[PDB]
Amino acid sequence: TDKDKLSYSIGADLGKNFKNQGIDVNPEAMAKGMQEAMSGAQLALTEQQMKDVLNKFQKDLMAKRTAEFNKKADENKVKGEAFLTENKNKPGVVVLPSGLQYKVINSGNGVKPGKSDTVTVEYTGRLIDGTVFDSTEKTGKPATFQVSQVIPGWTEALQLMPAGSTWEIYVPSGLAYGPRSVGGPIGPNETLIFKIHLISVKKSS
């Protein structure tokens, strides 16, 4: 039933998303006004009426998502201060003054990078609950970055890591993206975990 089936598939993708974001919407009232609009028919409401309705909506929805974002921030920060607290007691783990922790997996003996160097690395990043959010082993290929053009916690660790080294680091949100997180699996104030293997460094420091 192509067309009536395409319609169905579209509706479902729409309903999925409204129920995810929490929106009491009435599909049939939506149907009716979509039809009236597509048949150039007599609209039950005027331009401004519908417009003022869709602003009170965006206003509604900006308020909702501010509150969503703020819950996420209190909750993410609390889950990190406990993750980090319990991690502290696990063997191998060292806490640095800045709250960054690391476990050494293998010690290199090559040069250490500085602020104004470029590094090549292989890494996996995951959230406290083990959701992987990025990995070089998914692109089959290593990554190149300037030491001072990455999150604070990478910058601090890297300056302690001889090339050849493999470390697991645990990164308080203050040293990561902070509360500036607006999209995806990484929410505001999320504590981040990385395995980092440092292959090479472009200069001394």
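Note that residue numbering follows the sequence shown and begins at 1.
Comparing 164 to 172 with 47 to 55, the stretch with the higher mean C-alpha B-factor in the PDB entry is 47 to 55. Taking the PDB entry as given, 131 to 139 carries the higher mean Cα B factor of the two stretches 131 to 139 and 104 to 112. When all modelled residues of the chain are sorted by CA temperature factor, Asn17 is found within the highest third. Among all modelled residues in its chain, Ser9 ranks in the middle third by Cα B-factor.
The deposited CA B-factor of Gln159 belongs to the lowest third of values across its chain. Annotation for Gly40: CA B-factor lies in the highest third of the chain's modelled residues. When all modelled residues of the chain are sorted by CA temperature factor, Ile151 is found within the lowest third.
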